[PDB]
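Student: Take this structure first; my questions come after.
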Amino acid sequence: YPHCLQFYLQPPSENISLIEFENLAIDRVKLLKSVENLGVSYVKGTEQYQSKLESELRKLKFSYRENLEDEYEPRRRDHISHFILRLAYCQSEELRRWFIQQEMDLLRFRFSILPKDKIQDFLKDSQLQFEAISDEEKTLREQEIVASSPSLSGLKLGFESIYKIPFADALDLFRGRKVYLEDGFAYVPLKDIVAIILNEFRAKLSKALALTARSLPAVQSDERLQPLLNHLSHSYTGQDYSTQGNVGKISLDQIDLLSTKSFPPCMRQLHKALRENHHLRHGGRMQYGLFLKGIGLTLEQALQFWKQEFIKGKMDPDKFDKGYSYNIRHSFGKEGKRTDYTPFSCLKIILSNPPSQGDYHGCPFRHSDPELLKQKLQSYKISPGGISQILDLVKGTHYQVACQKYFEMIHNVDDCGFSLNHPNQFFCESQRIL
Amino acid sequence: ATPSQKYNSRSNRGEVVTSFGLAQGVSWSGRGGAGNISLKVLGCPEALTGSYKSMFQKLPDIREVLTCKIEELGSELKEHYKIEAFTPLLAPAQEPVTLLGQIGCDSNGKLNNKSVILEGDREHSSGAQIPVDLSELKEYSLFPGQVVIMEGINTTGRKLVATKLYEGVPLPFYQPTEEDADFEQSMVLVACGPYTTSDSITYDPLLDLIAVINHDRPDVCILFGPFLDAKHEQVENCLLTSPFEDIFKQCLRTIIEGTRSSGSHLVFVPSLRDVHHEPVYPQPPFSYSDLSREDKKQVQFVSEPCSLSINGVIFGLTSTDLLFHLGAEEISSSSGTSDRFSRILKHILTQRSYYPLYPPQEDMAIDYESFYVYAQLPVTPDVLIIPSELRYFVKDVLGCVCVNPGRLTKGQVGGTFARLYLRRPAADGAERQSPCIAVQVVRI
Amino acid sequence: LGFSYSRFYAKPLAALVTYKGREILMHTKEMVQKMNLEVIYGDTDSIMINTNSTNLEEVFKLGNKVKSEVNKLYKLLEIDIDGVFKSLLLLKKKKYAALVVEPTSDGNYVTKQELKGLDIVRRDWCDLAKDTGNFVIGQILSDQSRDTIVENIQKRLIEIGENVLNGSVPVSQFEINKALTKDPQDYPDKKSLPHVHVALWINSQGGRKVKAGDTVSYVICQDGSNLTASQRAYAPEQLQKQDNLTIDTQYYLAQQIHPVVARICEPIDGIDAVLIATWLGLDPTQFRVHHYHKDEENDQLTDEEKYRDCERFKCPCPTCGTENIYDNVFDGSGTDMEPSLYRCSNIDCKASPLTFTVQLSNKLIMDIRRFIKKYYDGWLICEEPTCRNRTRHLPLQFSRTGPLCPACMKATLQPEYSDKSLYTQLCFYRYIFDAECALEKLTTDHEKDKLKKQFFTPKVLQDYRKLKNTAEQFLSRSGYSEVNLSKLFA
Amino acid sequence: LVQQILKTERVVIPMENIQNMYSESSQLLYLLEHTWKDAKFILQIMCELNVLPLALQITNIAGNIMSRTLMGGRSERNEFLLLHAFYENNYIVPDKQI
Ligand code: SF4
Ligand SMILES: [Zn+2]
Ligand SMILES: [Zn+2]
């Protein structure tokens, strides 16, 4: 929205704090993930896409007020965050492709925001030399320009600017006879112009990432930056909310209703297994116990629930006290953290602890077979068109997007108004609508 | 009411307790600020001027610093003693072999002859450690972290039976220039803290020192810390009603304004027992901005440790209690008739550092990245100033005059300060001619 | 090519070859993950695959599919089948015990026990510790499921702790034997060594004197003189014939059985040292005190959890003498948000601690000094739970991670007080007085302005700013909270 | 080595005990038997690993001296192989550095 449209070169030489470093990295990761989610769920030409993208930009403080020349806060934020994430995403080729694809969507959106006035100044100032034509030359060669133009309908050479460029830089256009040439200059409208800018940006970004990947071992020795390079998408989400504590009051006899109405497919499947077989494996026990702790259950209530469910399995109550009470009290209590104290997130469920025979944990859209997935979803009273859309998104590895559509369909809303990244957050947002 | 009674009621005021050089009376009077005075800090990058660089180290950096220390010292000794080649510590050899390493104990206790361990260099032995047997060694003097070259027998590769200990070689003396010998006679007063009794805050000994400085009008005055004792009872329990920085500024202003009429240059050396300063060795110079233009030519702030040439005469200044730290963890083969102070001074002068003991005393913060650069001896100092809690002394060791006047106030009673007369004789002669003519340690 | 002292040395060629090797390893890991399978270990030519399958035929088919895909991707490079495990436990890098599987004809197999990097150096371990260790390793190397093994181990530990507390363990299962290398009087560490103390007592009390190479037996008991456990060492014959003393069950439960148990039970998920401590008795809180802070550096945080281990600010009230504890800006929850500095913890005291802004700004200073000196003490402790070698000397012999322990030759020393701990403590000291960031944390503007006008006058704001600056002075340039991007990118 | 490769135990005689064994004929005879068994064990362990055929084949492929490949060092053998290859293809080989 400001003059933040910039080709990302000339790495910064400023110095900053650790907290600013990590906040910038997290904010840029969140913005890129939001761009991907918007591109997958929507298209690149609707008002919803632009509105949500600009709302994300405004919330993350990437386009805001000005200051005295040097310290324009959103410009500094954008520059430093981009060059920080280059290090994190330069390692692997797949990560490089992801980073390049997501970074160009933001550039395209920023270019679309600008009015037809500032883009000329941006082009002239950007690299070294770029120029357009005035009204006299535009009208003098109008017929030739429209004749040489692509299948663009009509003779309406409207108010859209037409730019003259060296023919070589327009190679991808003039090799197929789609532009007008005169004295080695090609006349090109805005669409092909932005295509050219995207192509050059992709080339430069790929080259810069490839060069950066070489000098990566010189920085792997820093212990402060270890959670940056390797652990930006490992098990901890971009920005998670549901932790221990909070406020909540949920009865014990109401769990059955919430299993059908509120619980996500994975948690409801675990609940069905627990209520049917009266026993769960270690992964299922840990996952469901952490989930139940997250929703607001207390130590006494959880102990009573697990004991009552396990006694129905014909075991000794003293055996439960000596075998399973310790684990629950340790989960609800003090240190021994980071694996027994925070409820599992969507990324941890998907990318860690794959299930096997006898294990019912994991994400149904990720681990369960597609045929079993359809068989499951048919039991939830899901419309066949929604089933087809969910299966289509599952193919493109958009499991969380499929769950977003699941929530929107089951709770009868057009848009959930958020991006889900945690089953406990799914439950909380289902309770909010009620 | 009670505090500062015993010191004020003292009776040993003005008593001279030690003399060295040529016999002198009590009328030690100088020219003050008259004549040419050359005060310049020398050595490595100049004694560090900025605040600091870090408060966070990396273990490989410390490893590299220690390896470099061992390697350079071993190369110098090899070039001096013409050693053909060193031998890896772990390689068995029936014939006697020479090994390069650094002394260390095998536990967390005090070093003794049964617990010596030699740790080899990275270049030759890849940092290997072997026990050392001293049953067949006649004369030796060992402390932890001493870079040493031993000649012994190692037939099994797991233990060294040492037979000969090579003596260390000190750095060359500062070479005088023709301009340095043209200077005249000067006097330097030296004093070290604390400047108040253990139960008072009135700083009466500081006022007494100011009066003495005004009376004697020396050419230079050096004052060591602490100026606000961190171990003081009223300080360590936080009873003072004013910030530490404000009290330090008040004391500095009182010192500077008091000796303004004398015209004597003032050199303030910080110590690790100052509350308002950073407790990391080496320490940056004192920060002071409320300074007038006239006092900028008479007040200088130097670091710790410092290599400071006064009128072409090098002084080695250090406020840390190196003598007491090193003297406690030393082992020697002779104890009947031997001077411990001379031996530890020889160790200090031949080890080429201002704090050669490693690992340091338990309450000692050292930044080794800055230690390796800002805390090395450039040359052998002409006069070494090492104030310490031990008894006052002045000794000529290896051509260097080492003076320890002690604390100005020891416990509840008063202490001593020192005064030195400086002049450079004719260049030609028997090489070493000590510029420091007379030293006098006098009670305050 | 890659050897520095070779005849055909070529650094650029070696660098290119290593880069291509890293690229191939990354591509292999990515393709296996894209296959929807998890890789548990990768070392420069080796990829370990956990198939999550019981059918050996299916495992072989999956491995051959991986081979076919890899050899289709490349031309000459070929991954190979080498062996399959039935059980495994990865403790750290390049360290495991397992059951190698030898496939027989059509489905059956033979299991052989393999161990590497699971060697124990100290012989100072009692009979009970060795018995528990062998029992737990035998259960772990068995073929039962994880839940059954964990339940059996838990039951065994519960029974062992109950027997130790009750006293059913024979006294012969309490004798600890150590062999000396020096005379008892020539031990600099003396006081912290139990065997040295008991040998010195034997030498200076009765007849037979211990010499180098001799073995001495000792037992830890309870004198009631509140000395260290090492100094409280007695002889089993002396303990049996003496009446005033009794067995110290805490030492045997904490420093004897827990280390040998936790050196194997730590890798298993859902099991930690504190859980094992709770299984054996009423240890937990003292064990979390005994626990390590950097140990969890294998997994941004919230304000309540980053400052969990930091020490709260303790200061005596200058006019009443009662200690005051500061943990954050406010006090309590809800409507009653008085500043923590408004009133001292003593109810009867009527003096406002903020009026003593100077004294606080003095006390804080020394609180920063202490924690600095600790960080510069250089105390290193061995990472192996059975060794725990404490030293201040940093060895020049380094492993691939850090300094290599000199007592246990295969272990890495780690700092006892890390730099990150000091940074977090300084941040906590800054945060306990940061009203600026504590008021923006309020969701609504109404409560923020109400508290701003009720208590936080510009004078109190200036006092809090001064107390913040007291720690900001230490955090400004020192500590490498600064990040230099000039060295980071150029 | 004899415990793993040969799967047979081997007693170890400390150097301190040796002088005591010189006071009686049976102990000295046992010492001689220990030396004989040690030599036989080295011979057996060498035969089990086929050290000599391996060395002969390796020095035949690489083309170097048998004593040098018996001493150890992969770099020497690879260097000799590459020197043979470069000499065949009419090349100037590097000199030895020291
Ligand atoms: S996307 Fe998350 S909430 Fe939905 S089924 Fe998968 S793991 Fe459960
Ligand atoms: Zn009070
Ligand atoms: Zn160890």
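Sequential numbering from 1, following the chain as shown.
So how was this one determined? The header says electron microscopy, 3.4 Å.
Keep in mind that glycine also has a Cβ here, set from the backbone N, Cα and C atoms.
Pulled these from Swiss-Prot:
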- A:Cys266, A:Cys346, A:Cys363, A:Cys403: [4Fe-4S] cluster binding site (BINDING)
- A:232-249: region 'Interdomain linker' (REGION)
- A:279-421: region 'RNA:DNA duplex-binding' (REGION)
Student: Using DSSP, how many residues of the region 'Interdomain linker' (A:232-249) fall into helix, strand and coil, respectively?
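Tutor: Breakdown, helix to coil: 0 helix, 0 strand, 18 coil.
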Student: Within 10 Å of the Cβ of A:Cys363 ([4Fe-4S] cluster binding site), how many other Cβ atoms can you find? Include all protein chains, please.
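Tutor: Result for A:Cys363 ([4Fe-4S] cluster binding site): 21 neighbouring Cβ atoms inside 10 Å.
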Student: Residues near the [4Fe-4S] cluster site, A:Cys266, A:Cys346, A:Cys363, A:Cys403 excluded, by Cβ within 8 Å of the Cβ center?
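Tutor: What remains near the Cβ centre is A:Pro264, A:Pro265, A:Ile349, A:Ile350, A:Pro364, A:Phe365, A:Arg366, A:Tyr399, A:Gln400, A:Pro423.
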Student: Going by DSSP, give the three-state secondary structure for A:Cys363 ([4Fe-4S] cluster binding site).
Tutor: coil
Student: Sort the residues of the region 'RNA:DNA duplex-binding' (A:279-421) into helix, strand and coil with DSSP and give the three counts.
Tutor: 81 helix, 0 strand, 62 coil
Student: Sequence gap of 6 or more, C-beta under 8 Å: which same-chain residues meet both conditions with respect to A:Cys346 ([4Fe-4S] cluster binding site)?
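Tutor: Expected: A:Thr237, A:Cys363, A:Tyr399, A:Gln400, A:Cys403, A:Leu420, A:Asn421, A:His422, A:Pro423.
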Student: Looking at the binding-site residues A:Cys266, A:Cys403, which sits with the largest number of other Cβ atoms within 10 Å of its Cβ?
Tutor: A:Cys266
Student: Going by DSSP, is A:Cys266 ([4Fe-4S] cluster binding site) part of a helix, a strand, or coil?
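Tutor: Once the DSSP labels are grouped into three classes, A:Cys266 ([4Fe-4S] cluster binding site) ends up as helix.
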